[PDB]
Amino acid sequence: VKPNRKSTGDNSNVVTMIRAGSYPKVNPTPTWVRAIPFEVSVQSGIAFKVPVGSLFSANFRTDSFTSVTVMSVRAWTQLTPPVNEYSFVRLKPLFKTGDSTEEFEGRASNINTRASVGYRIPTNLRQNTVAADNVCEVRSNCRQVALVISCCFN
Amino acid sequence: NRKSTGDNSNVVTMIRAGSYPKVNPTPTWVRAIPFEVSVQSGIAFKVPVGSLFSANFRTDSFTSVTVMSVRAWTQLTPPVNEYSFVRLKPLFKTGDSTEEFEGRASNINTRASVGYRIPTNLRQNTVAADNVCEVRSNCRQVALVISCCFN
Amino acid sequence: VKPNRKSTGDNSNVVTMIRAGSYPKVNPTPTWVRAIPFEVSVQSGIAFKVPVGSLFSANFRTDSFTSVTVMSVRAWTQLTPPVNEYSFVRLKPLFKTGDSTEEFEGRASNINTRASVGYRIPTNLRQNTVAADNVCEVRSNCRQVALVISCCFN
Amino acid sequence: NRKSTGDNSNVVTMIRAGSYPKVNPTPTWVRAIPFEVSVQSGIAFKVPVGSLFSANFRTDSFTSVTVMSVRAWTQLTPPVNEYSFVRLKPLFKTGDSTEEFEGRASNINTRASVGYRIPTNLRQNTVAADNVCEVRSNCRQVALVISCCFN
Amino acid sequence: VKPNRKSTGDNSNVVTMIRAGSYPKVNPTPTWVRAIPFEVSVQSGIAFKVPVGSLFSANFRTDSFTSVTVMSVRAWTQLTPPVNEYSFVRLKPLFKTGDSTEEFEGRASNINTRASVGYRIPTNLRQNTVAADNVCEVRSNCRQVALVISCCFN
Amino acid sequence: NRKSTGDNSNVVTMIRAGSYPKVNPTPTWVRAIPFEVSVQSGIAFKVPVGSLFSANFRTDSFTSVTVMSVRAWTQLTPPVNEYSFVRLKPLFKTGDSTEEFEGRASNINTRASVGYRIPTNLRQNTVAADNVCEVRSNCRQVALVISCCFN
Amino acid sequence: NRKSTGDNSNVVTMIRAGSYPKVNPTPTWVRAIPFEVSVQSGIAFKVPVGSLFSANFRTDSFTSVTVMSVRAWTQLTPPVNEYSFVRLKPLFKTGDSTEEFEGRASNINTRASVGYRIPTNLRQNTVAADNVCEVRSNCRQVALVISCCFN
Amino acid sequence: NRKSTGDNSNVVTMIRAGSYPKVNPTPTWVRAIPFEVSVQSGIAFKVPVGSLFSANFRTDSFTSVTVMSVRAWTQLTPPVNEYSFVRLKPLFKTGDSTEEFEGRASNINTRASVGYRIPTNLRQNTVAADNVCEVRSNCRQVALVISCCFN
Amino acid sequence: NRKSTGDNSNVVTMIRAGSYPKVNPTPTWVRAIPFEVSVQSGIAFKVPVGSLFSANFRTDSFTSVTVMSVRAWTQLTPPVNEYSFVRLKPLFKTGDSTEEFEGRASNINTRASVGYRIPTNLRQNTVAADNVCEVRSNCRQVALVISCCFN
Ligand SMILES: [Br-]
Ligand SMILES: [Br-]
Ligand SMILES: [Br-]
Ligand SMILES: [Br-]
Ligand SMILES: [Br-]
Ligand SMILES: [Br-]
Ligand SMILES: [Br-]
Ligand SMILES: [Br-]
Ligand SMILES: [Br-]
Ligand SMILES: [Br-]
Ligand SMILES: [Br-]
Ligand SMILES: [Br-]
Ligand SMILES: [Br-]
Ligand SMILES: [Br-]
Ligand SMILES: [Br-]
Ligand SMILES: [Br-]
Ligand SMILES: [Br-]
Ligand SMILES: [Br-]
Ligand SMILES: [Br-]
Ligand SMILES: [Br-]
Ligand SMILES: [Br-]
Ligand SMILES: [Br-]
Ligand SMILES: [Br-]
Ligand SMILES: [Br-]
Ligand SMILES: [Br-]
Ligand SMILES: [Br-]
Ligand SMILES: [Br-]
Ligand SMILES: [Br-]
Ligand SMILES: [Br-]
Ligand SMILES: [Br-]
Ligand SMILES: [Br-]
Ligand SMILES: [Br-]
Ligand SMILES: [Br-]
Ligand SMILES: [Br-]
Ligand SMILES: [Br-]
Ligand SMILES: [Br-]
Ligand SMILES: [Br-]
Ligand SMILES: [Br-]
Ligand SMILES: [Br-]
Ligand SMILES: [Br-]
Ligand SMILES: [Br-]
Ligand SMILES: [Br-]
Ligand SMILES: [Br-]
Ligand SMILES: [Br-]
Ligand SMILES: [Br-]
Ligand SMILES: [Br-]
Ligand SMILES: [Br-]
Ligand SMILES: [Br-]
Ligand SMILES: [Br-]
Ligand SMILES: [Br-]
Ligand SMILES: [Br-]
Ligand SMILES: [Br-]
Ligand SMILES: [Br-]
Ligand SMILES: [Br-]
Ligand SMILES: [Br-]
Ligand SMILES: [Br-]
Ligand SMILES: [Br-]
Ligand SMILES: [Br-]
Ligand SMILES: [Br-]
Ligand SMILES: [Br-]
Ligand SMILES: [Br-]
Ligand SMILES: [Br-]
Ligand SMILES: [Br-]
Ligand SMILES: [Br-]
Ligand SMILES: [Br-]
Ligand SMILES: [Br-]
Ligand SMILES: [Br-]
Ligand SMILES: [Br-]
Ligand SMILES: [Br-]
Ligand SMILES: [Br-]
Ligand SMILES: [Br-]
Ligand SMILES: [Br-]
Ligand SMILES: [Br-]
Ligand SMILES: [Br-]
Ligand SMILES: [Br-]
Ligand SMILES: [Br-]
Ligand SMILES: [Br-]
Ligand SMILES: [Br-]
Ligand SMILES: [Br-]
Ligand SMILES: [Br-]
Ligand SMILES: [Br-]
Ligand SMILES: [Br-]
Ligand SMILES: [Br-]
Ligand SMILES: [Br-]
Ligand SMILES: [Br-]
Ligand SMILES: [Br-]
Ligand SMILES: [Br-]
Ligand SMILES: [Br-]
Ligand SMILES: [Br-]
Ligand SMILES: [Br-]
Ligand SMILES: [Br-]
Ligand SMILES: [Br-]
Ligand SMILES: [Br-]
Ligand SMILES: [Br-]
Ligand SMILES: [Br-]
Ligand SMILES: [Br-]
Ligand SMILES: [Br-]
Ligand SMILES: [Br-]
Ligand SMILES: [Br-]
Ligand SMILES: [Br-]
Ligand SMILES: [Br-]
Ligand SMILES: [Br-]
Ligand SMILES: [Br-]
Ligand SMILES: [Ca+2]
Ligand SMILES: [Ca+2]
Ligand SMILES: [Ca+2]
Ligand SMILES: [Mg+2]
Ligand SMILES: [Mg+2]
Ligand SMILES: [Mg+2]
Ligand SMILES: [Mg+2]
Ligand SMILES: [Mg+2]
Ligand SMILES: [Mg+2]
Ligand SMILES: [Mg+2]
Ligand SMILES: [Mg+2]
Ligand SMILES: [Mg+2]
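For this deposited structure, the header cites X-ray crystallography as the method used and 3.80 Å as the resolution.

Chemist: I'd love a proper account of the packing of aromatic side chains, names of residues and values included.
Modeler: Under the counting rule described, the total for this entry stands at 36 aromatic pairs over all chains. Arranged with centres 5.3 Å apart and planes meeting at 50°, the rings of B:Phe62 and B:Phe150 form a pair that is tilted. With B:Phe62 in the loop between β3 (46-48) and β4 (65-74) and B:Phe150 in strand β10 (residues 141-150), this residue pair connects regions lying 88 residues apart in the sequence. Classification of B:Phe150 as buried rests on a relative accessible area of 1%. Pairing E:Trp76 with F:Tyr20 gives two aromatic rings, centres 4.8 Å apart and planes at 75°, and the pair type is edge-to-face. With E:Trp76 in strand β5 (residues 68-77) and F:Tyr20 in the loop between β1 (13-15) and β2 (29-38), this residue pair bridges two chains. We classify F:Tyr20 as partly exposed; its relative accessible area is 23%.

Chemist: Quick rundown of the coordination of the magnesium ion (ligand 112)? Include the residues and the values.
Modeler: Binding of the magnesium ion (ligand 112) to the protein goes through F:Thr74 (OG1) and F:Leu76 (O), at separations of 2.1 to 2.7 Å. Taken as a pair, F:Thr74 and F:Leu76 share a single burial class, namely buried.

Chemist: Which residues make up the relation of the copies chain A and chain C, and what values do they have?
Modeler: Note on the copies: chain A fits chain C at an RMSD of 0.0 Å, the axial shift is 0.0 Å, and the rotation between them is 120°. With respect to symmetry, the two chain copies, as superposed, fit the operation of a three-fold axis. When C-alpha distances to the rotation axis are compared across chain A, the minimum falls at A:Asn124, with a value of 3.1 Å. Different-surface contact between copies: only 4% of interface residues of chain A are shared with the interface of chain C.

Chemist: Pulling in residues and values, what's your account of the interface of chain A and chain C?
Modeler: It is common to give the size of an interface as the accessible area that goes away when the parts come together. Contact residues are listed per partner, giving 23 residues for chain A and 17 residues for chain C. Both sides of the chain A and chain C interface together cover about 1600 Å² of buried area, and 42% of this is carbon and sulfur. Applying the counting rule to chain A against chain C returns 0 salt bridges. Where chain A meets chain C, there are 13 residue pairs in polar contact. Only β2 (25-26) and β9 (128-129) of chain A provide two or more residues apiece to the side of chain A that touches chain C. In terms of strand pairing, β2(A) meets strand β7 (residues 105-107) of chain C through 2 bridges, oriented antiparallel. Its bridge partner being in β7(C), A:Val26 is matched across the sheet by C:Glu105.

Chemist: Help me get a handle on the interface of chain A and chain B, residues and values and all.
Modeler: Between chain A and chain B, the contact holds 51 residues from the first and 50 residues from the second. Carbon and sulfur atoms supply 58% of the area that chain A and chain B bury against each other, a total of about 4200 Å² over both sides. The tally of links between chain A and chain B comes to 0 salt bridges. Within the residue set of the side of chain A that touches chain B, elements represented by two or more residues are β1 (16-18), β3 (32-41), β5 (68-77), β8 (116-120) and β11 (144-153) of chain A. Residues that form the side of chain A that touches chain B fall into these classes: 25 nonpolar, 16 polar and 10 charged. Note that β1(A) and strand β7 (residues 113-117) of chain B share 3 bridges and pair antiparallel. Paired with A:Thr16 across the strands is B:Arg117, a residue of β7(B).

Chemist: Report on the side chain of G:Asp130, specifying residues and quantitative values.
Modeler: Residues and elements named next belong to chain G. Locating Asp130 in the fold gives a position in the loop between β6 (113-117) and β7 (131-137). Within the structure, the side chain of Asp130 is placed 2.7 Å from the backbone nitrogen of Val127, a separation counted as a polar contact. Ignoring sequence-local partners within four residues, the contact set of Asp130 consists of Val47, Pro48, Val49 and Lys93.

Calculation notes
Residues numbered from 1 in each chain as written, not as in the entry; some residues may be left out. Chains lettered and ligands numbered in written order. Part of a larger assembly, values for the part shown. Heavy atoms only, no water. Residues with missing side-chain atoms left out of burial classes, pairs and counts. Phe/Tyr/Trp six-rings, centres within 6.5 Å; stacked < 30°, edge-to-face > 60°. Helix = DSSP H or I, 4+ residues; strand = E, 2+ residues; numbered from the N terminus. Buried < 20%, exposed > 50% of the residue type's maximum accessible area, 1.4 Å probe, protein only. Donors = N, O, S within 2.8 Å, 3.2 Å for Na, K, Ca; no water. Least-squares fit on C-alpha atoms. Contact = heavy atoms within 4.5 Å. Buried area = accessible area lost by both parts, 1.4 Å probe. Salt bridge = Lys/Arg side-chain N within 4 Å of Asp/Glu carboxyl O. Polar contact = N/O pair within 3.5 Å; in protein donor to acceptor, adjacent residues only side chain to side chain. Pairing = 2+ DSSP bridges. Nonpolar A, V, L, I, M, F, W, Y, C, P; charged D, E, K, R; others polar.

What follows is the structure, given as C-alpha cells:
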C-alpha cells in the first residue's frame, strides 16, 4: 500500500501526522512505583511505630492515593549518636495479619557515619495498607532516623 | 543495592544497605492524560495546558509539563447526515503552526480520529497559561489523549 | 512378567479390567477455576459496588462454594448509551486490605458497539473473599453492565 | 485476550478487552467421585447413577453424566477367616454385561480392589434412574471411585 | 600483595586469625523454617479446629515467635480405627480471608496402617497467622491425629 | 514427598502423603549470635558461653553449643589520643590457648576488628559454665559475633 | 482435523465382501479359570478337570481341555500359630508325578502361593473324569487359577 | 556517550560555504489536496481545476497543475433505503473519456469510494478554467483527494 | 562416602617408623613482631634490637636475629592542626644509612605509615645491644611491625 507516507521520518524537526484509529483503553488515575524518603523522630529505648500515613502527602505527590503495597524498607540514622557511642538502628516489620519479631539491626563502623539496615517483604505479604496502619518499629540511639521506603501506590 | 524478585522467599530478608543514596521526593512522570473538551461548529478552541494539571490525574502538584504528542477523537455524534471530523492545529509559544491535521470518519456511527507528534526540538515546558493546539470539529465535544512528561 | 495381558488394548470397543491397588487420596469437594458471566444494574453518575455474593449462585453451579479468589475482571456495556453519546465503563478495584483509586476506563468507538475494559489482580493480592465483600466499583453511562469474572472457587 | 502469570506485577494492570466473548454459566466437569455403598453376602447391588448427583460433590446441579471408568475397594473387614473380595459387573442401558471383574486381597488385613474401563463407544449419558454396575462382595460395605464427566 | 599469609590453610588443626573489617548487619531474632509434629484429639463425627497456638510452644523451641506463615499441612491417624473399619482423615483448610470447603480425604488400605493426607497452600495465601487463628478442620474415625505442619516462623 | 514452588497454583492442592516420616521437634540451629561485653583497661575478661543461651536470641531452650569462629569489634570510643584495639585469646576446656589475636584501628574514629576460627578438631560442645575467649581492649565495651551451632 | 476419531465416518459404510469364507461356530478358547476347592488337614485332594467345565466360566459347551499351567493360593486362614502353605503334585494320564511344589507365606495374614508349568509334550487333552493335580495344605479352602486351552 | 543526541554540539557551528548556488524561490510541490463538491441527484458535476488553486491549500500562488490521481468519497448520507455510490468520469483537454469508474458502499452508514489513475502521457498541466472529471452520486456532497503536482 | 572427613579412621593407626632422624630442639623461626616505642618531638629514637627478645613474643630464648623489613605506624594523635608523620632511618653495623623514609597521613585522624626493606647482602644477625633504625615523628608513640628471622 505504497508503504509509508507521513512527513519526514525519525530524524525530524517538524510536527508529523499520527494516523490514529479507535479510542484506546485509558486510565486517568494509575498506579506508581516509588521510593519515599522521609524522617521520623525516635526516643531512646522506645520503639517508634512508623505510620503508613506518612507516605501519603503532597510532598511526595501522593496525596491522591489511599492505599499502598509496601515492598522493602531501608533506614539511615539521621543524626549523630550519643557521646562515645556508635550509631545503630533496628527494624521490626509489622503486618496486619501477624506482627513479626525480627530486629534487623545494622551498626556503623565510624561514629561520624550513619548506621544502615533494611528488610525485604516477600511477595506473599505485599498487601495493601492504609494510612491508619504501621509498617515497622524503629529503634536507635539516634534521635532521628531517615527512611527510604520502596512501595507501590495504587 | 541487593534486591531480587521471583524468589522462593516467604519471610522477610535483611538488605545490606550502606550509604544514604541520592533521593528525590518529587520525581517526574510520563503520562497519557485523557480528558474531553467541548467544541462548536466551525469555531476553533484553544486547549489550555492547564487541564493536564488536576487532582483527577494525580498531577495537581505539577506546574510545568513537556507535551510530546496529541491524539484526538470525537466524543459525540455528528450533525444529521454528516460524518464525524476533527482538525488539530499545533500551537507553540515560539510561533504557532498553521497545520490542520484532519481526520474524518468513514461511518457516521464512528468516531473521527487524528493526532500529531511534536518533534524533539520543540519539546519545551508549558505552564497552565499556555495553549496546546486548536481543535475544530462538527461534533459537540472532543476527547483527547496527550502523551506528555510532567516535571 | 509376561509384560501385559488385560483385554484388547487402546483401540477397543469392550469393557477392560483395571488392576487397581491401594485406595487413593480423594476429594469430594474440590476447587474450580471459572469465568462467571453476570450482569449488574448501574445508575448514571453513581458507582455500583459489585458484590462477591453474585458469583455464589446455583445458576453457575457454585452455590456450594463459600469463598473465592478473584484473579481478573472484565466488563462490557450491556445496553445502549444515552442519545448522541458513546458507551463507556470504568472499574475501580476494591481490596479488604486497602481500596485502590484506579479508574480503568475503556470506551467504544461506535455508538452501536459495547465499551470494554478490565484489570488483572497481581498474585500478592489474590486472597479469598466472601459473599459480603465487594470486588470493584463500576461506572458507566449505560444502565446495565455485563461482567465476566475469572476466579478460583475453593 | 492478554493475560500473563509468573510476572513481577505487584499492582493491578489494565486488560485491553474487546468483543464480548462466548460464555457459558453452566459448563461441564470431569470428576472422580468417591462414595460408599453397603453390600450383602452373595447378593448383588445395582449402584444407581443418582448417587453421583448430590450437593456433597458440588454436582446437585447436574442431571446427566458420562461415566468413563469404575474402580472398587472394600470398605470394611471381611468375615472371619476370609480374605476380602469384590466383583464388578458393568451395566449399560443398551444391554447389560455378564462380566464379573473380581479382585481379591492377599492379606486379610487388606482391601480388595478392582475396576473396569468403559470403552469410548459405550460412553453415553446416564441419569439418576439408570444403573452403573453390580457390586458383589463378602465385605459389608464397598467404596467406589467413578471417573466420569458431568454435563 | 603477597597473596595470603594467615596460619596453615584449609586442612588445619589450630586456631587461625580472621581479618575482619566493618561491623556487619546482624539479627538476634531471625526467621526459621520448620516442620512441627504435634497431635490433636478428635471426636467421632465432629470436626476439630486445629489452633495456630499449638505451633507456639517451648517443646518446639518456638515459644519466642508470635506469628507464623503456614505453607503445607500433613496428617496421620495416630490411633487405631473402630472395629471392622479402615482409618481415614480429612482436612478442610481455613483462611482468615475466607474459609474453604475442600475435604481432602486420604484413607488407609490396611486396618493396621495409618491413613494419610495433606494439602499445600498457594503462595498468594501464605500470610501470617497468630495463636488465636486456626489452620484447618480435622475429621476422622480415629480419636487422635498426628500432624506435621511445614511453616515459616517470623 | 511431592511439593513444588514457583507454580501458578492459586488454590490449595492435595499432597499424596504416605508413611509417617522421621520427625524432630527440637532440631539444631546454626547461628551468628551478636552481643556486647564490657571490658576494662588492660584487664582480660572471660566471655562465658552462657550468654549465647537466652530468649533474646531464641536459644533459651538449648544447653550446649558448638562454637565455630569468633569475630570481635570495639563498641565504644577509645581513650583520648588513642586508637582502638582489641585482643582475643581462645579458651578451650581441654587446654587454654596463649594466642592474642589483636586488631587495631587506623582511624581513632573507627572500630578495631579481629576474629579467630576454631579448627574442626576443637569443635566440641560447651555449656553455660564454660568460657570462649579472653577479650582485652582499651575500649570500655566490645561487640562480638560468634558463629556457632546450637544443639 | 478433529478431536476424537476425527475423519472416521461417523456413519456406516459398505463392505465389498467376496466368496463365502471358512467359518467355525465353535472355536477354541484360551482362558485363566478361577475356582476354589475344599481341603482337609493332612489329606491330599484330587482336583477334577470337570471343575473347568461349568457355565460359571462359559465353558459348559466344552468336553476336553489342554492344561498349560496351575497356580494355587490359600483361600482361608491357617491354624493358629501356623503360617499358610500349599503343595501341588501334578497328575498325568500317562504317569503321575511325585513332585510336591510347595509355597509358604512369610506372614500369617498372607496367602501361600505356588504353581507349576506343564511342558509342551505333556500338553494333551483331559476330560471331566480326569484329574489335574493333588493339593495339600493347612488351610481348608485353596483358590486355583489355571491357564488352559478349551477345545 | 550520552542519552539524547549525545555528541552533536549542542551549540551552533560554522559552515564553510562556497560559490553562490543555483536557487529557486518558487519551486514545484507534490500534494494531496482535500476538498468537497456539491452534487445534485441524477446530474453530473464538472469539477474545476481552479478548486486546486486556493490559499486554504497554500497554492494561491500557482496557475498550473499536473494531475496524477483522483480519489472520491461520498460526504453525506444517501437517500433512504439506498446504499451510497459515486462515479468518476475522467476529462482531458485532448479528448474526454467515457468511463464511469463507480464504487458502492456495502453498508448504508459507510462512504462509497472510488478513484482513477491518470497515466504518464496524459499528465499535462491544467489551468483553473479546465475540468478534471465529472462526478455522479446519490449523496449531495462528495469529498475529493487529488494527488497532483503544482508548478 | 560420608559427610566430614569420611574414610579417615576415625581412631588411631600405627606408624612404621625407621632410623632415628635428625632433630633440632631449638629451630629458627620467622615472625612479624609488633611493639611500640615512645618518641619525643623533634628527636630521633634509636630502636634497640633487644626489644625483639622478650617473652611477650616467645623469643626470650633467642640471642640473635636477622632483620628483613621494618614497617612503622604512628600510635598516638598528632599535635593540633598537624597531620601525622613518621620517618625511618636504617642503621647497620657495617655503616649507618642516611635515608629518612617518611610517610604522612592525609587525614588528621589516621595513622601515618612507612617502611623499608633490607636487601639480601645486608641481612646479617643483630644482637640485643645493636640498633635497627632511628625513628622521628610528631606523635609521641609509634607502633612497629618487623618481619625478621630469629636464630
Ligand atoms: Br524536518
Ligand atoms: Br493512536
Ligand atoms: Br487499546
Ligand atoms: Br494503566
Ligand atoms: Br522515587
Ligand atoms: Br532508593
Ligand atoms: Br529521648
Ligand atoms: Br534501645
Ligand atoms: Br541529636
Ligand atoms: Br501495629
Ligand atoms: Br539512647
Ligand atoms: Br554482589
Ligand atoms: Br522462606
Ligand atoms: Br542501600
Ligand atoms: Br546513589
Ligand atoms: Br535507585
Ligand atoms: Br529522579
Ligand atoms: Br515515568
Ligand atoms: Br498514564
Ligand atoms: Br466538559
Ligand atoms: Br462544521
Ligand atoms: Br478550558
Ligand atoms: Br524556547
Ligand atoms: Br474390542
Ligand atoms: Br487404580
Ligand atoms: Br494416591
Ligand atoms: Br483435589
Ligand atoms: Br466458565
Ligand atoms: Br472468558
Ligand atoms: Br439513572
Ligand atoms: Br459518571
Ligand atoms: Br437503556
Ligand atoms: Br467495599
Ligand atoms: Br449517564
Ligand atoms: Br499480542
Ligand atoms: Br509493580
Ligand atoms: Br477480552
Ligand atoms: Br470467543
Ligand atoms: Br476463554
Ligand atoms: Br463450555
Ligand atoms: Br473438567
Ligand atoms: Br475430582
Ligand atoms: Br451408606
Ligand atoms: Br460371600
Ligand atoms: Br442407592
Ligand atoms: Br445409545
Ligand atoms: Br595445623
Ligand atoms: Br568478618
Ligand atoms: Br554486612
Ligand atoms: Br537475618
Ligand atoms: Br523440623
Ligand atoms: Br517432614
Ligand atoms: Br467420641
Ligand atoms: Br465423620
Ligand atoms: Br482409640
Ligand atoms: Br504471591
Ligand atoms: Br476458624
Ligand atoms: Br467414628
Ligand atoms: Br514422582
Ligand atoms: Br489455580
Ligand atoms: Br508424605
Ligand atoms: Br523419612
Ligand atoms: Br524432611
Ligand atoms: Br533434625
Ligand atoms: Br541451621
Ligand atoms: Br543468625
Ligand atoms: Br552490657
Ligand atoms: Br590499655
Ligand atoms: Br558475663
Ligand atoms: Br574433648
Ligand atoms: Br471394501
Ligand atoms: Br469378504
Ligand atoms: Br477357528
Ligand atoms: Br482366544
Ligand atoms: Br481368561
Ligand atoms: Br480336616
Ligand atoms: Br492342618
Ligand atoms: Br499334610
Ligand atoms: Br467332575
Ligand atoms: Br493314569
Ligand atoms: Br511337543
Ligand atoms: Br563545513
Ligand atoms: Br555552500
Ligand atoms: Br527546484
Ligand atoms: Br516536494
Ligand atoms: Br500533501
Ligand atoms: Br438534487
Ligand atoms: Br438521487
Ligand atoms: Br445519476
Ligand atoms: Br474556477
Ligand atoms: Br477539450
Ligand atoms: Br510519457
Ligand atoms: Br606407615
Ligand atoms: Br620414621
Ligand atoms: Br631445623
Ligand atoms: Br618457620
Ligand atoms: Br608471626
Ligand atoms: Br617531647
Ligand atoms: Br612535634
Ligand atoms: Br623532627
Ligand atoms: Br636492649
Ligand atoms: Br656501627
Ligand atoms: Br647475598
Ligand atoms: Ca496530586
Ligand atoms: Ca451444586
Ligand atoms: Ca526460645
Ligand atoms: Mg562503616
Ligand atoms: Mg464523533
Ligand atoms: Mg470500536
Ligand atoms: Mg475389605
Ligand atoms: Mg495402605
Ligand atoms: Mg572502638
Ligand atoms: Mg490361606
Ligand atoms: Mg456518502
Ligand atoms: Mg599517629
